[PDB]
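Shown next, in C-alpha cells, is the structure this report addresses.
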Amino acid sequence: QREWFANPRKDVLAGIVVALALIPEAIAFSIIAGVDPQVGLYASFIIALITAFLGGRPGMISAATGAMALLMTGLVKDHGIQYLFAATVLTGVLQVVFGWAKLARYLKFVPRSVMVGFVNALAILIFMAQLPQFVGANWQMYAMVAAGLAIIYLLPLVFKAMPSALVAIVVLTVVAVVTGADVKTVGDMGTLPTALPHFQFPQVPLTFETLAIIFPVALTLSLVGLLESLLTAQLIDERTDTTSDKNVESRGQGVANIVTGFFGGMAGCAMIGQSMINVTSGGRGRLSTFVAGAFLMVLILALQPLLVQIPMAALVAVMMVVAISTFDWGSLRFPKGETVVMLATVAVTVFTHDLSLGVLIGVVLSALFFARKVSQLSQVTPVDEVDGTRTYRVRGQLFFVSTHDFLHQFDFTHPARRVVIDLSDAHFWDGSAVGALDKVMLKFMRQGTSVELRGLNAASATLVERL
Amino acid sequence: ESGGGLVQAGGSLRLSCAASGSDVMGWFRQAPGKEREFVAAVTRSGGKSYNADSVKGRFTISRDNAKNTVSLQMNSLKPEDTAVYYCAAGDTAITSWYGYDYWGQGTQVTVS
Ligand SMILES: CCCCCCCCCCO[C@@H]1O[C@H](CO)[C@@H](O[C@H]2O[C@H](CO)[C@@H](O)[C@H](O)[C@H]2O)[C@H](O)[C@H]1O
Ligand SMILES: CCCCCCCCCCO[C@@H]1O[C@H](CO)[C@@H](O[C@H]2O[C@H](CO)[C@@H](O)[C@H](O)[C@H]2O)[C@H](O)[C@H]1O
Numbered sequence: 014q015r016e017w018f019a020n021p022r023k024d025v026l027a028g029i030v031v032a033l034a035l036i037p038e039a040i041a042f043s044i045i046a047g048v049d050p051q052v053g054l055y056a057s058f059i060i061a062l063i064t065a066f067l068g069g070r071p072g073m074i075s076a077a078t079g080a081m082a083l084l085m086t087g088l089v090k091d092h093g094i095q096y097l098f099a100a101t102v103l104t105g106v107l108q109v110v111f112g113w114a115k116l117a118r119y120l121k122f123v124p125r126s127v128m129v130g131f132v133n134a135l136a137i138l139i140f141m142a143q144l145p146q147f148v149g150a151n152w153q154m155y156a157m158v159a160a161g162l163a164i165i166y167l168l169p170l171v172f173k174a175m176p177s178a179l180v181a182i183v184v185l186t187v188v189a190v191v192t193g194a195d196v197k198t199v200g201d202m203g204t205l206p207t208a209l210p211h212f213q214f215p216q217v218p219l220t221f222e223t224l225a226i227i228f229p230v231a232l233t234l235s236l237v238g239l240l241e242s243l244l245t246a247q248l249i250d251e252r253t254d255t256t257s258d259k260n261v262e263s264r265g266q267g268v269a270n271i272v273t274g275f276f277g278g279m280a281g282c283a284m285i286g287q288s289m290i291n292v293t294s295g296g297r298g299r300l301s302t303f304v305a306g307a308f309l310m311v312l313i314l315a316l317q318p319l320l321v322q323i324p325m326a327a328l329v330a331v332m333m334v335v336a337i338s339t340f341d342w343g344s345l346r351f352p353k354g355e356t357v358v359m360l361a362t363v364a365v366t367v368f369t370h371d372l373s374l375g376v377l378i379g380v381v382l383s384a385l386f387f388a389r390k391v392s393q394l395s396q397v398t399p400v401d402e403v404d405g406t407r408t409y410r411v412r413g414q415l416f417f418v419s420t421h422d423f424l425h426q427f428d429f430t431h432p433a434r435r436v437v438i439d440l441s442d443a444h445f446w447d448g449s450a451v452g453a454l455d456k457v458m459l460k461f462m463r464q465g466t467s468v469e470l471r472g473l474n475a476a477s478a479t480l481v482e483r484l
Numbered sequence: 009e010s011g012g013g014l015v016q017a018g019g020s021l022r023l024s025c026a027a028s029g034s035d036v037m038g039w040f041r042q043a044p045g046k047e048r049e050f051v052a053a054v055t056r057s058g059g060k061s062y063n064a065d066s067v068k069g070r071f072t073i074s075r076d077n078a079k080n081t082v083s084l085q086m087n088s089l090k091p092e093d094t095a096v097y098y099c100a101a102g103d104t105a106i107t108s109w110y111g112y113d114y115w116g117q118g119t120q121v122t123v124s
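Line by line, the protein sequences are chains A and B. Residue numbers 14 to 346, 351 to 484, in the entry's author numbering, belong to the letters of the first sequence in order. Residue numbers 9 to 29, 34 to 124, in the entry's author numbering, belong to the letters of the second sequence in order.
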C-alpha cells in the first residue's frame, strides 16, 4: 500500500506556511476571473484535500492558479460563474479520462514555444488585470501599492524565513483600518466564505447545449492543468526522489476538480511556486498539502471579518509581483518559427484578452509547422509543350512556404523566351506563397524571360488574408 | 497615369502611366465592388508578366524609353474588362501583388 505519516512536525508547519501564502492567491485569482473569493478559497481547500488523498506526488500543492482562472474569465462574463462549475466538473472528467487511458507520456510532444508563450501571455494578462483597479484612482491606492512593492522587495533582505508579502498585507491592512483610508476593500469585490462548502450540483447548466459551450474550455483547462501538474511533479522529483506515476497524479487531479465543481468551486491545478516554497521549508508528506488546505479553510473562517477589511492595494501589489515573477524568460537575441509561435500567442492574448485563443493559435501554428517538418503538401511538375515552352504545374496546398525551396524547383540556368506558370491545381493560404511566386517571376523577368500565369485566381482565393 | 475612356464591342485603347514622383512597373484592374485583379508587369531588363486568366493573350505591356512611363495596350475588350485600371511603380519587389513603394489612383474603363 505504501502510505505514510513521516515527519508531521515539518509537514504541518510547511502546510501552514503555504496556506498563508495560499489565501491571497485564491482571493485575487477569484477577483481576476470576475467571481467571488469564496469560489477560489473553496477550490483551494477541496482540491488540496482530494489531491492530498489521491495525488501521485506527495508534497505538491494543488490549489487555485491564474493558469486556470484566466481561462474561465471569459466563460463567467458570457454564461456565468456557474457554467464555470460545469466546466470544472467536465474538466475533472477529462483528466480522469486522460489518466485512465495512460497518456501522460504524450505531454512531452507539446511544443516549448506554446508553453513559454502561454506563460508570458498569462503573466502580462495578470498585470493587465491589475489595471482596472487604477482607472478609479485615489492616491492612497498608488501610495499603498508603491509602498507594497517597496516593502515586498526591500524588507526580505533584512528579514528571514517569513514572507515579505505577509508583512505587506498585514501592515497595509492595519494602516488602512487605523488611518481609515478611502480605498476599495476585498469584501466589495465578492463574498468571502462563512461556512463549509456544501454539495452544489451544477443546477445552472443544462445537458447538451451546455456541453457544446463548456467542452472547449474544459479541454484547455484539463490540458493546462495536466501540463502544470506534470512539470511541478517532475520538479519535485528532481528536488528529491520518486517514481511518481503521473497518471495517478492526473487522476487525483481529475477527481479533485470534479468534486470541486460539485461543491461550488473553481478549477485548479499544481502550483510551481508554492510547491517549491513547501519542499524548501521541509514539506515532503501528504499531510503537508492536507494541512495546507485545511489550515487554509480554518484560517479564512477565523479571520473573515478581518479578511474583508484587507485593502485592494495590498493584493494588487502581490499580484503585481507574482506577474513579474511569472513573465521574465530568456528573451533570446534560434528557430524563427518557434519565436513566431510564442510572440503569436502573446500578442493575440494581449489584444483579445483571451488566453484560450492564444493557446488555440499556438496549437494550430505548432501543428502547421509540424506538417511542414513532416510532409510536402505541394509539388511542382515541369512539363514541355510541343512549342518548347516550359510550363511549371504547381499542385498542392501552399502555406508558410520557403522561397528557397520554391526557387530551387525552377530552372534558371538557361534564360528561355517565355515560361508558363500553372497554378490551376495550386492553393495559396498565406502571403508568403504570393511572395515566393513573386520572387520567382521577378527573377525570370530580371533575367529577360517573360512569364505567363495560368489558373491563378483559384489559387490566390484560399488566402487567409481574405479573413 | 492617363488613357481612360469609353470603348465599344471590339474596340481598343492604350494606357500610358506617368510617374510624376525603379526596376519593375505593374498594372492591376479593379472590378467595381469585386476583388482587385492583376493585369501585367514589366521590368527594365525587358521581361514581361501577364495574367492569362484576365488577359487571354489580348493585352500587351511595355515600358517606354522615358524614365517615368509605362504603356498597356488593350485590344478586343469585353464586358468583364470593365474596371478601374491602377498603375503601380513598386520596385525590386512584389512584381505580382500587394504593391510596394508607389501607387497611382486609377482611372475608369468602361466597354460596350
Ligand atoms: C538489488 C536492489 C538494487 C537497489 C538499488 C537502489 C534502490 C533505490 C531505488 C529507489 O526507489 C525508491 O523506492 C521508494 C519506495 O519503494 C519510493 O518512495 C520513496 O520516495 C517518497 C517520496 O520521496 C517517500 O514518501 C517514500 O517514503 C520513499 O520510500 C521512491 O519513489 C523510489 O525512488
Ligand atoms: C494545450 C497546450 C497548453 C499550453 C499551456 C502550458 C502550461 C504548462 C506551463 C508550465 O510552466 C510553468 O508555469 C508556471 C506558471 O504557470 C511558471 O511559474 C511562474 O509562476 C510562479 C509563481 O506564480 C513563479 O515562482 C515562477 O518563477 C514563475 O516561472 C513556471 O515557471 C513554468 O515552468
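For every residue, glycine included, the Cβ atom is placed at its ideal position computed from N, Cα and C.
C-alpha gap between residue i and residue j, whole angstroms
i	j	result
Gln464/A	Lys60/B	11 Å
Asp103/B	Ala64/B	23 Å
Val237/A	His431/A	55 Å
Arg22/A	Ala326/A	35 Å
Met202/A	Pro50/A	8 Å
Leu248/A	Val272/A	27 Å
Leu484/A	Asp447/A	11 Å
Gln426/A	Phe50/B	24 Å
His211/A	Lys353/A	51 Å
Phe340/A	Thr207/A	35 Å
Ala78/B	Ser124/B	33 Å
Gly29/B	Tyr112/B	14 Å
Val188/A	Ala361/A	43 Å
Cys282/A	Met289/A	15 Å
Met157/A	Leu320/A	17 Å
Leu23/B	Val418/A	35 Å
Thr86/A	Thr81/B	59 Å
Bridge partner(s) assigned by DSSP for residue i
i	result
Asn63/B	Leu470/A
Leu84/B	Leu23/B and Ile73/B
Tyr119/A	The partner list for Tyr119/A (beta bridge, DSSP) is empty, contrary to what the question assumes.
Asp442/A	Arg412/A
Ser57/B	Looking at the DSSP assignment, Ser57/B forms no beta bridge with any residue, so it has no partner.
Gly13/B	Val121/B
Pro91/B	Paired residue(s): none; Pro91/B is not in a bridge.
Own chain residues within Cβ distance below 8 Å of residue i, not counting five before or after
i	result
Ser88/B	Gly18, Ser20 and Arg70
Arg471/A	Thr408, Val437, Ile438, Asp439, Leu440 and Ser441
Candidates the options, of which the one nearest residue i by Cα
i	options	result
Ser74/B	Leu84/B, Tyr97/B, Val15/B and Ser34/B	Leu84/B
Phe98/A	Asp455/A, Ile323/A, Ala39/A and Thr223/A	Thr223/A
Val376/A	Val230/A, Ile29/A and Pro206/A	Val230/A
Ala136/A	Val331/A, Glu251/A and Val199/A	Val331/A
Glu469/A	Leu480/A, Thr479/A and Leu454/A	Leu454/A
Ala34/A	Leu62/A, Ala76/A and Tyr55/A	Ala76/A
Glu9/B	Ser124/B, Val121/B, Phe40/B and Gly116/B	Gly116/B
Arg118/A	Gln95/A, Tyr166/A and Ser263/A	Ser263/A
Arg252/A	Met73/A, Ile59/A and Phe461/A	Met73/A
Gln396/A	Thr256/A, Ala388/A and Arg410/A	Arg410/A
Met458/A	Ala476/A, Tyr96/A, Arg435/A and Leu219/A	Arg435/A
residue 347/A	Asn291/A, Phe416/A and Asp371/A	It's not possible to place residue 347/A here, given that chain A moves directly from 346 to 351.
Residue i and residue j closer than 7 Å at C-beta
i	j	result
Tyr114/B	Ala101/B	yes
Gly265/A	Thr101/A	no
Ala61/A	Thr302/A	yes
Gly28/A	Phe42/A	no
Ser235/A	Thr104/A	yes
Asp35/B	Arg56/B	yes
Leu205/A	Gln287/A	no
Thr198/A	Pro324/A	yes
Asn260/A	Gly112/A	yes
residue 348/A	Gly343/A	Shown without residue 348/A, the model has chain A running from 346 straight on to 351.
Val268/A	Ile63/A	yes
Nonlocal neighbours in the same chain, by C-beta distance under 7 Å from residue i, ignoring five residues either side
i	result
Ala142/A	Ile45
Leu179/A	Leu33
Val329/A	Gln143, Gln146 and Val158
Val25/A	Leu300 and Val304
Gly12/B	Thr119, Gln120 and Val121
Own chain residues within Cβ distance below 6 Å of residue i, not counting five before or after
i	result
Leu480/A	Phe445
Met279/A	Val52, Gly53, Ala56 and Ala77
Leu394/A	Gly413 and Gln414
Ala65/A	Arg299, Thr302 and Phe303
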